[PDB]
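The structure appears right after this line, and notes come after that.
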Amino acid sequence: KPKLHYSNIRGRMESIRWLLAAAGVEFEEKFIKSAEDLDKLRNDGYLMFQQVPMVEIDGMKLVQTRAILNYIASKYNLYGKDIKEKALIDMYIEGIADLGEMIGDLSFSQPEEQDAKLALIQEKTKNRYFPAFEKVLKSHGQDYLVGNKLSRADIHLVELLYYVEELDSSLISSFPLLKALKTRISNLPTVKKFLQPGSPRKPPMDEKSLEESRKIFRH
Amino acid sequence: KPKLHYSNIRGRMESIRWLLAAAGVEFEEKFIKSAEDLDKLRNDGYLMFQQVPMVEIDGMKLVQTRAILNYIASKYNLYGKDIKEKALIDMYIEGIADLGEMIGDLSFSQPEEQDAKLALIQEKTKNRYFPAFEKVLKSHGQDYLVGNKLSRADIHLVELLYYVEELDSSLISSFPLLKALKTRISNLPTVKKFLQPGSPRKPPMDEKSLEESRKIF
Ligand SMILES: N[C@H](CCC(=O)N[C@@H](CS)C(=O)NCC(=O)O)C(=O)O
Ligand SMILES: N[C@H](CCC(=O)N[C@@H](CS)C(=O)NCC(=O)O)C(=O)O
């Protein structure tokens, strides 16, 4: 079992939880609970950069979200089949990560700044990100983003579709190919099990977890 | 000659400018001088997500800084031999990237925030990132970060080592291994010409260029 080091939150670890489940890979989680547990990881020398997420896979203590995601995607052929298909997967997913940063930020902002920032997410979703991904899908009518075969870009885009619906159900309403991508992926046996109740998938940020985060990562 | 679309600043284009010259590749730069030079790009449908950098390469109009670098690095075999070397290169370069964001964030701030934002970079440089990259060289004593060969990881770190030096010259002083990597990578024939005067290598952010920035985007 590769091992997942992080607090018990979506956070930066969540996109790795998604990818491994979609690859059929059982993993293990070791939840940081205090700044002390975290300090322990640093002092043991497990964290190259004194930060989490960290994943122990195949001999390595991997840090940096992208590095972990890259490795797992190549290991299970979810990173395309040539240098050109990587180009498209990387374009799409860096696009996906960008809308992600805004979404995480909002869940960590104060009540005061929350309206302005969601209005900015709503705006960029409908006008910038969703049309672009809808366009890709139409250009070829194929069931996946790249090479007509399951990749990470599909896993990551559908992860993001679930956050948008938590923020505003009608942002996907004029985008029918994303509507049906959302559907099909969700139904691939590995993503179905991951989506079902009691899986390792994490709920939205709420005040008590925000507290915990504040005190664990002493920021 | 693939074609770089960005303004006449470092920004997110610079790590791409550095990697290409280090690899030998001559490239074009078509500069964005105005809010409508960019508006144009969007309108022609050049920018997947309405943004730049964008690099016309091998038939693709590539956006996203990480997608562009990833491609260039693979094409020119600076991305490791196998999947496993890749993960070491990836962990490494993303670490360089986080202190990268700190240094760019500083350059776009007004002085009212700078003093402080610098104090943070210094603290993180000496106690976090520099020690991390020393420990990797010390452990293998080899001339490059990964696989006993030049990879993009050596390239990014040396670039970053160079901005640190503009900002506080003595941060690197207790790190004779990086101190040493800096010299070697810089005397590499390709990296030597890019470091020469007159190259496509970009000058530090200043007000003039900041005025342009606020104004184009
Ligand atoms: N480049 C990021 C950095 C990760 C990061 O900043 N991790 C946070 C938790 S969300 C952390 O460990 N904070 C503790 C610290 O920086 O000292 C990544 O994708 O892993
Ligand atoms: N994902 C980044 C995003 C690029 C980005 O935000 N670029 C700015 C210039 S530094 C831009 O084009 N801003 C216009 C906008 O987002 O509307 C990348 O690596 O390309």
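Within each chain, counting starts at residue 1; across the structure tokens, chains are named A, B, ... in the order shown, with ligands numbered 1 upward in that order.
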Where does DSSP see strand (DSSP E) in region 6-161 of chain A, if you list the residues as a PyMOL selection string?
chain A and resi 6+28-31+54-57+60-63
Go ahead and dump the residues you just picked, N, CA, C and O atoms, as a PDB file, in the first residue's frame.
ATOM      1  N   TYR A   6      -0.962  13.250   5.529  1.00  0.00           N
ATOM      2  CA  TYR A   6      -1.704  14.490   5.446  1.00  0.00           C
ATOM      3  C   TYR A   6      -2.801  14.539   6.517  1.00  0.00           C
ATOM      4  O   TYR A   6      -3.235  13.505   7.048  1.00  0.00           O
ATOM      5  N   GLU A  28      -3.101   3.589   1.834  1.00  0.00           N
ATOM      6  CA  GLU A  28      -3.225   3.693   3.266  1.00  0.00           C
ATOM      7  C   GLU A  28      -3.050   5.149   3.619  1.00  0.00           C
ATOM      8  O   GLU A  28      -2.316   5.868   2.952  1.00  0.00           O
ATOM      9  N   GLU A  29      -3.756   5.605   4.642  1.00  0.00           N
ATOM     10  CA  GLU A  29      -3.604   6.991   5.093  1.00  0.00           C
ATOM     11  C   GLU A  29      -3.125   7.093   6.518  1.00  0.00           C
ATOM     12  O   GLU A  29      -3.621   6.387   7.405  1.00  0.00           O
ATOM     13  N   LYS A  30      -2.157   7.979   6.730  1.00  0.00           N
ATOM     14  CA  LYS A  30      -1.705   8.288   8.063  1.00  0.00           C
ATOM     15  C   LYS A  30      -1.900   9.789   8.330  1.00  0.00           C
ATOM     16  O   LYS A  30      -1.121  10.644   7.858  1.00  0.00           O
ATOM     17  N   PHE A  31      -2.969  10.072   9.076  1.00  0.00           N
ATOM     18  CA  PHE A  31      -3.478  11.419   9.282  1.00  0.00           C
ATOM     19  C   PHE A  31      -2.662  12.163  10.283  1.00  0.00           C
ATOM     20  O   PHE A  31      -2.577  11.741  11.421  1.00  0.00           O
ATOM     21  N   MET A  54       2.772  13.905   1.277  1.00  0.00           N
ATOM     22  CA  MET A  54       3.887  13.021   1.071  1.00  0.00           C
ATOM     23  C   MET A  54       3.305  11.641   0.848  1.00  0.00           C
ATOM     24  O   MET A  54       2.334  11.240   1.553  1.00  0.00           O
ATOM     25  N   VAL A  55       3.866  10.932  -0.144  1.00  0.00           N
ATOM     26  CA  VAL A  55       3.471   9.544  -0.392  1.00  0.00           C
ATOM     27  C   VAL A  55       4.664   8.602  -0.517  1.00  0.00           C
ATOM     28  O   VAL A  55       5.598   8.850  -1.254  1.00  0.00           O
ATOM     29  N   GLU A  56       4.591   7.524   0.247  1.00  0.00           N
ATOM     30  CA  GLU A  56       5.589   6.482   0.242  1.00  0.00           C
ATOM     31  C   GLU A  56       5.124   5.483  -0.795  1.00  0.00           C
ATOM     32  O   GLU A  56       4.164   4.731  -0.582  1.00  0.00           O
ATOM     33  N   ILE A  57       5.769   5.504  -1.944  1.00  0.00           N
ATOM     34  CA  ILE A  57       5.463   4.524  -2.965  1.00  0.00           C
ATOM     35  C   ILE A  57       6.760   4.073  -3.608  1.00  0.00           C
ATOM     36  O   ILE A  57       7.626   4.892  -3.927  1.00  0.00           O
ATOM     37  N   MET A  60      10.286   5.220  -2.476  1.00  0.00           N
ATOM     38  CA  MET A  60      10.560   6.659  -2.418  1.00  0.00           C
ATOM     39  C   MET A  60       9.608   7.305  -1.447  1.00  0.00           C
ATOM     40  O   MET A  60       8.427   6.897  -1.363  1.00  0.00           O
ATOM     41  N   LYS A  61      10.088   8.337  -0.748  1.00  0.00           N
ATOM     42  CA  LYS A  61       9.201   9.218   0.013  1.00  0.00           C
ATOM     43  C   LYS A  61       8.925  10.444  -0.869  1.00  0.00           C
ATOM     44  O   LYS A  61       9.737  11.353  -0.961  1.00  0.00           O
ATOM     45  N   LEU A  62       7.797  10.439  -1.565  1.00  0.00           N
ATOM     46  CA  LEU A  62       7.580  11.464  -2.574  1.00  0.00           C
ATOM     47  C   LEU A  62       6.904  12.669  -1.998  1.00  0.00           C
ATOM     48  O   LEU A  62       5.843  12.567  -1.371  1.00  0.00           O
ATOM     49  N   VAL A  63       7.551  13.808  -2.147  1.00  0.00           N
ATOM     50  CA  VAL A  63       6.862  15.064  -1.969  1.00  0.00           C
ATOM     51  C   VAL A  63       6.578  15.856  -3.270  1.00  0.00           C
ATOM     52  O   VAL A  63       6.984  15.471  -4.357  1.00  0.00           O
TER      53      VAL A  63
END
Residues of chain A within 6 Å of chain B, counting only C-alpha atoms, as a PyMOL selection string:
chain A and resi 63-64+67+71+87+90-91
Neighbours of ligand 1 at 6 Å or closer, counting only C-alpha atoms and all ligand atoms: which residues, as a ChimeraX atom specification?
/A:11-12,50-53,64-65,217 /B:98
Write the selection just made, keeping N, CA and C atoms, as a PDB file, in the first residue's frame?
ATOM      1  N   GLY A  11      -7.842  19.253   0.830  1.00  0.00           N
ATOM      2  CA  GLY A  11      -6.531  19.887   0.742  1.00  0.00           C
ATOM      3  C   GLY A  11      -5.795  19.535  -0.522  1.00  0.00           C
ATOM      4  N   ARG A  12      -4.485  19.470  -0.437  1.00  0.00           N
ATOM      5  CA  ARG A  12      -3.665  19.206  -1.609  1.00  0.00           C
ATOM      6  C   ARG A  12      -3.540  17.707  -1.899  1.00  0.00           C
ATOM      7  N   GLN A  50       9.888  19.857   3.993  1.00  0.00           N
ATOM      8  CA  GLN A  50       9.304  20.110   5.306  1.00  0.00           C
ATOM      9  C   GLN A  50       7.804  20.330   5.192  1.00  0.00           C
ATOM     10  N   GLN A  51       7.236  19.821   4.100  1.00  0.00           N
ATOM     11  CA  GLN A  51       5.837  20.044   3.725  1.00  0.00           C
ATOM     12  C   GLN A  51       5.152  18.730   3.443  1.00  0.00           C
ATOM     13  N   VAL A  52       3.826  18.696   3.563  1.00  0.00           N
ATOM     14  CA  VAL A  52       3.011  17.588   3.011  1.00  0.00           C
ATOM     15  C   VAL A  52       2.116  18.146   1.853  1.00  0.00           C
ATOM     16  N   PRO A  53       1.502  17.296   1.010  1.00  0.00           N
ATOM     17  CA  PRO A  53       1.384  15.843   0.933  1.00  0.00           C
ATOM     18  C   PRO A  53       2.731  15.138   0.775  1.00  0.00           C
ATOM     19  N   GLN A  64       5.808  16.925  -3.091  1.00  0.00           N
ATOM     20  CA  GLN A  64       5.185  17.751  -4.118  1.00  0.00           C
ATOM     21  C   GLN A  64       4.042  17.046  -4.849  1.00  0.00           C
ATOM     22  N   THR A  65       2.855  17.654  -4.771  1.00  0.00           N
ATOM     23  CA  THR A  65       1.614  17.127  -5.313  1.00  0.00           C
ATOM     24  C   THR A  65       1.753  16.643  -6.757  1.00  0.00           C
ATOM     25  N   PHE A 217      -0.959  23.337  10.677  1.00  0.00           N
ATOM     26  CA  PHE A 217       0.037  23.830   9.727  1.00  0.00           C
ATOM     27  C   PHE A 217       0.632  25.154  10.192  1.00  0.00           C
TER      28      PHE A 217
ATOM     29  N   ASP B  98       8.194  26.589  -6.021  1.00  0.00           N
ATOM     30  CA  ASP B  98       7.543  27.256  -4.896  1.00  0.00           C
ATOM     31  C   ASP B  98       8.342  28.487  -4.425  1.00  0.00           C
TER      32      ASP B  98
END
Interface rows for chain A against ligand 2: nearest pair, Å to one decimal, 12 Å, only C-alpha atoms and all ligand atoms, as JSON lines:
{"residue": "A:90", "atom": "CA", "partner": "ligand 2", "partner_atom_place_in_ligand_line": "1 (N)", "distance": 10.6}
{"residue": "A:91", "atom": "CA", "partner": "ligand 2", "partner_atom_place_in_ligand_line": "1 (N)", "distance": 8.8}
{"residue": "A:92", "atom": "CA", "partner": "ligand 2", "partner_atom_place_in_ligand_line": "1 (N)", "distance": 10.2}
{"residue": "A:93", "atom": "CA", "partner": "ligand 2", "partner_atom_place_in_ligand_line": "1 (N)", "distance": 9.7}
{"residue": "A:94", "atom": "CA", "partner": "ligand 2", "partner_atom_place_in_ligand_line": "1 (N)", "distance": 6.1}
{"residue": "A:95", "atom": "CA", "partner": "ligand 2", "partner_atom_place_in_ligand_line": "1 (N)", "distance": 6.5}
{"residue": "A:96", "atom": "CA", "partner": "ligand 2", "partner_atom_place_in_ligand_line": "1 (N)", "distance": 9.3}
{"residue": "A:97", "atom": "CA", "partner": "ligand 2", "partner_atom_place_in_ligand_line": "1 (N)", "distance": 8.3}
{"residue": "A:98", "atom": "CA", "partner": "ligand 2", "partner_atom_place_in_ligand_line": "1 (N)", "distance": 6.3}
{"residue": "A:99", "atom": "CA", "partner": "ligand 2", "partner_atom_place_in_ligand_line": "1 (N)", "distance": 9.7}
{"residue": "A:100", "atom": "CA", "partner": "ligand 2", "partner_atom_place_in_ligand_line": "1 (N)", "distance": 11.3}
{"residue": "A:101", "atom": "CA", "partner": "ligand 2", "partner_atom_place_in_ligand_line": "1 (N)", "distance": 10.7}
{"residue": "A:120", "atom": "CA", "partner": "ligand 2", "partner_atom_place_in_ligand_line": "17 (O)", "distance": 11.6}
{"residue": "A:123", "atom": "CA", "partner": "ligand 2", "partner_atom_place_in_ligand_line": "17 (O)", "distance": 11.6}
{"residue": "A:124", "atom": "CA", "partner": "ligand 2", "partner_atom_place_in_ligand_line": "17 (O)", "distance": 9.2}
{"residue": "A:127", "atom": "CA", "partner": "ligand 2", "partner_atom_place_in_ligand_line": "17 (O)", "distance": 11.1}
{"residue": "A:128", "atom": "CA", "partner": "ligand 2", "partner_atom_place_in_ligand_line": "17 (O)", "distance": 9.0}
{"residue": "A:129", "atom": "CA", "partner": "ligand 2", "partner_atom_place_in_ligand_line": "16 (O)", "distance": 11.1}
Those residues you just picked out, can you put them in a file as a CSV table (one decimal), in the first residue's frame with C-alpha atoms?
chain,number,residue,atom,x,y,z
A,90,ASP,CA,-0.6,18.7,-19.1
A,91,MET,CA,-2.3,21.6,-20.8
A,92,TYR,CA,-5.8,20.5,-19.7
A,93,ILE,CA,-4.8,19.6,-16.2
A,94,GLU,CA,-2.8,22.7,-15.4
A,95,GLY,CA,-6.0,24.4,-16.6
A,96,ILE,CA,-7.8,22.2,-14.1
A,97,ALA,CA,-5.4,22.9,-11.2
A,98,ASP,CA,-5.9,26.7,-11.8
A,99,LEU,CA,-9.6,26.7,-11.3
A,100,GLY,CA,-8.8,24.4,-8.3
A,101,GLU,CA,-6.7,27.0,-6.5
A,120,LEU,CA,-15.1,35.3,-9.6
A,123,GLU,CA,-17.5,34.0,-13.9
A,124,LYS,CA,-14.3,32.1,-14.9
A,127,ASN,CA,-16.7,32.0,-19.6
A,128,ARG,CA,-13.1,30.6,-19.5
A,129,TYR,CA,-12.7,27.0,-18.3
Excluding residue 192 (chain B) and any residue of its chain fewer than 4 positions from it, enumerate the residues within 12 Å of it, using only C-alpha atoms, and give them as a ChimeraX atom specification.
/B:18,21-24,182-188,196-197,199,201
May I have the residues from that selection written out with N, CA, C and O atoms, as a CSV table (one decimal), in the first residue's frame?
chain,number,residue,atom,x,y,z
B,18,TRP,N,15.1,30.0,-20.4
B,18,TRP,CA,16.3,29.3,-19.9
B,18,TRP,C,16.4,27.8,-20.4
B,18,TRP,O,17.6,27.4,-20.7
B,21,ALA,N,17.5,27.6,-24.3
B,21,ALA,CA,18.8,27.9,-24.7
B,21,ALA,C,19.8,26.9,-24.1
B,21,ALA,O,20.8,26.6,-24.7
B,22,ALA,N,19.5,26.4,-22.9
B,22,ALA,CA,20.4,25.4,-22.3
B,22,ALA,C,20.4,24.1,-23.1
B,22,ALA,O,21.4,23.4,-23.1
B,23,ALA,N,19.3,23.8,-23.9
B,23,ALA,CA,19.2,22.6,-24.7
B,23,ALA,C,19.8,22.9,-26.1
B,23,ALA,O,20.0,21.9,-26.9
B,24,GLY,N,20.1,24.1,-26.5
B,24,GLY,CA,20.6,24.5,-27.8
B,24,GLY,C,19.7,25.1,-28.8
B,24,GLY,O,20.1,25.8,-29.7
B,182,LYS,N,26.3,25.9,-9.5
B,182,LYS,CA,26.1,27.2,-10.2
B,182,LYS,C,27.2,27.4,-11.2
B,182,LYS,O,26.9,27.8,-12.3
B,183,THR,N,28.5,27.2,-10.8
B,183,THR,CA,29.6,27.5,-11.7
B,183,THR,C,29.6,26.6,-12.9
B,183,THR,O,29.6,27.0,-14.1
B,184,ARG,N,29.6,25.3,-12.6
B,184,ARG,CA,29.6,24.2,-13.7
B,184,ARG,C,28.5,24.4,-14.7
B,184,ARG,O,28.8,24.5,-15.9
B,185,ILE,N,27.2,24.4,-14.2
B,185,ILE,CA,26.1,24.6,-15.2
B,185,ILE,C,26.3,25.8,-16.0
B,185,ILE,O,26.0,25.8,-17.2
B,186,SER,N,26.9,26.9,-15.4
B,186,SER,CA,27.0,28.1,-16.1
B,186,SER,C,28.1,28.1,-17.2
B,186,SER,O,28.1,28.9,-18.1
B,187,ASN,N,29.1,27.2,-17.0
B,187,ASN,CA,30.1,27.1,-18.0
B,187,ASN,C,29.9,26.1,-19.1
B,187,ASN,O,30.7,25.9,-20.0
B,188,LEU,N,28.7,25.5,-19.0
B,188,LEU,CA,28.2,24.7,-20.2
B,188,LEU,C,28.0,25.5,-21.4
B,188,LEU,O,27.2,26.5,-21.3
B,196,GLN,N,25.6,35.2,-21.6
B,196,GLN,CA,26.3,36.3,-22.2
B,196,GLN,C,25.4,37.6,-22.3
B,196,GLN,O,24.1,37.5,-22.2
B,197,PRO,N,26.0,38.8,-22.5
B,197,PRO,CA,25.2,40.0,-22.7
B,197,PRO,C,24.6,40.0,-24.1
B,197,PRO,O,25.1,39.3,-25.0
B,199,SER,N,21.8,38.4,-24.9
B,199,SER,CA,20.9,37.3,-25.1
B,199,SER,C,19.4,37.6,-24.9
B,199,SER,O,19.1,38.7,-24.5
B,201,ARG,N,18.0,36.4,-22.6
B,201,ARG,CA,17.9,36.5,-21.1
B,201,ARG,C,17.3,37.8,-20.6
B,201,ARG,O,17.8,38.9,-20.9
Could you name the residues that touch residue 138 (chain B) at 12 Å or less, counting only C-alpha atoms, but leaving out those on the same chain fewer than 3 positions away, as a tab-separated table (two decimals) with C-alpha atoms, in the first residue's frame?
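Now in selection-v1.tsv:
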chain	number	residue	atom	x	y	z
B	131	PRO	CA	19.60	22.88	2.72
B	132	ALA	CA	17.31	20.53	0.75
B	133	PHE	CA	19.32	20.88	-2.44
B	134	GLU	CA	22.70	20.63	-0.67
B	135	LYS	CA	21.69	17.32	0.94
B	141	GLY	CA	28.76	13.83	-4.65
B	142	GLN	CA	27.88	13.64	-8.36
B	143	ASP	CA	28.03	16.64	-10.64
B	144	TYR	CA	24.29	16.86	-11.39
B	145	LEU	CA	21.13	16.52	-9.42
B	175	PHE	CA	26.33	26.00	0.43
B	176	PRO	CA	29.56	25.10	-1.37
B	177	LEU	CA	27.75	22.33	-3.26
B	178	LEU	CA	25.19	24.66	-4.92
B	180	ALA	CA	29.74	24.67	-7.13
B	181	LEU	CA	26.75	23.57	-9.20
Find the spatial neighbours of residue 11 (chain B), counting only C-alpha atoms, within a cut-off of 12 Å - ignore same-chain residues fewer than 5 positions away - and output them as a PyMOL selection string.
chain B and resi 5-6+16-17+52-53+65+100-101+103-108+201-205+209-210+213
Near region 14-18 of chain A, within 9 Å and counting only C-alpha atoms, which residues show up once chain neighbours fewer than 6 positions away are dropped, as a PyMOL selection string?
chain A and resi 4+27+65+68-69+72+155-156+159+191+194+200-202
What would the file look like if the residues just selected were written as a JSON list (two decimals), in the first residue's frame with N, CA and C atoms?
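Writing the result to selection-v5.json gives the following:
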[["chain", "number", "residue", "atom", "x", "y", "z"],
["A", 4, "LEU", "N", -0.33, 7.57, 2.59],
["A", 4, "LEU", "CA", -0.73, 8.96, 2.39],
["A", 4, "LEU", "C", -0.66, 9.77, 3.67],
["A", 27, "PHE", "N", -4.76, 2.18, -1.03],
["A", 27, "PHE", "CA", -3.72, 2.91, -0.36],
["A", 27, "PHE", "C", -4.04, 3.03, 1.10],
["A", 65, "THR", "N", 2.86, 17.65, -4.77],
["A", 65, "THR", "CA", 1.61, 17.13, -5.31],
["A", 65, "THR", "C", 1.75, 16.64, -6.76],
["A", 68, "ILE", "N", 4.01, 13.48, -7.27],
["A", 68, "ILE", "CA", 3.32, 12.28, -6.85],
["A", 68, "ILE", "C", 2.33, 11.85, -7.92],
["A", 69, "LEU", "N", 1.54, 12.83, -8.40],
["A", 69, "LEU", "CA", 0.54, 12.65, -9.47],
["A", 69, "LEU", "C", 1.17, 12.18, -10.79],
["A", 72, "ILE", "N", 2.32, 8.47, -10.29],
["A", 72, "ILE", "CA", 1.25, 7.48, -10.26],
["A", 72, "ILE", "C", 0.60, 7.35, -11.65],
["A", 155, "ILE", "N", -9.88, 12.08, -15.05],
["A", 155, "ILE", "CA", -10.03, 11.98, -13.59],
["A", 155, "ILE", "C", -10.05, 13.41, -12.98],
["A", 156, "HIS", "N", -9.03, 14.21, -13.27],
["A", 156, "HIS", "CA", -8.96, 15.58, -12.72],
["A", 156, "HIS", "C", -10.10, 16.52, -13.11],
["A", 159, "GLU", "N", -13.28, 15.23, -10.97],
["A", 159, "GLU", "CA", -13.03, 15.83, -9.66],
["A", 159, "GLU", "C", -13.46, 17.32, -9.65],
["A", 191, "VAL", "N", -14.16, 4.36, -10.24],
["A", 191, "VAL", "CA", -14.54, 5.71, -9.81],
["A", 191, "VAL", "C", -15.89, 5.59, -9.12],
["A", 194, "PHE", "N", -15.02, 4.57, -5.53],
["A", 194, "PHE", "CA", -14.49, 5.77, -4.90],
["A", 194, "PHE", "C", -15.55, 6.80, -4.54],
["A", 200, "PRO", "N", -12.64, 6.64, 0.90],
["A", 200, "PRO", "CA", -11.63, 7.61, 1.35],
["A", 200, "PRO", "C", -11.74, 9.00, 0.78],
["A", 201, "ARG", "N", -12.79, 9.27, 0.02],
["A", 201, "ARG", "CA", -13.03, 10.60, -0.54],
["A", 201, "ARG", "C", -13.41, 11.52, 0.61],
["A", 202, "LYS", "N", -12.93, 12.78, 0.54],
["A", 202, "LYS", "CA", -13.11, 13.73, 1.66],
["A", 202, "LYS", "C", -14.25, 14.76, 1.48]]
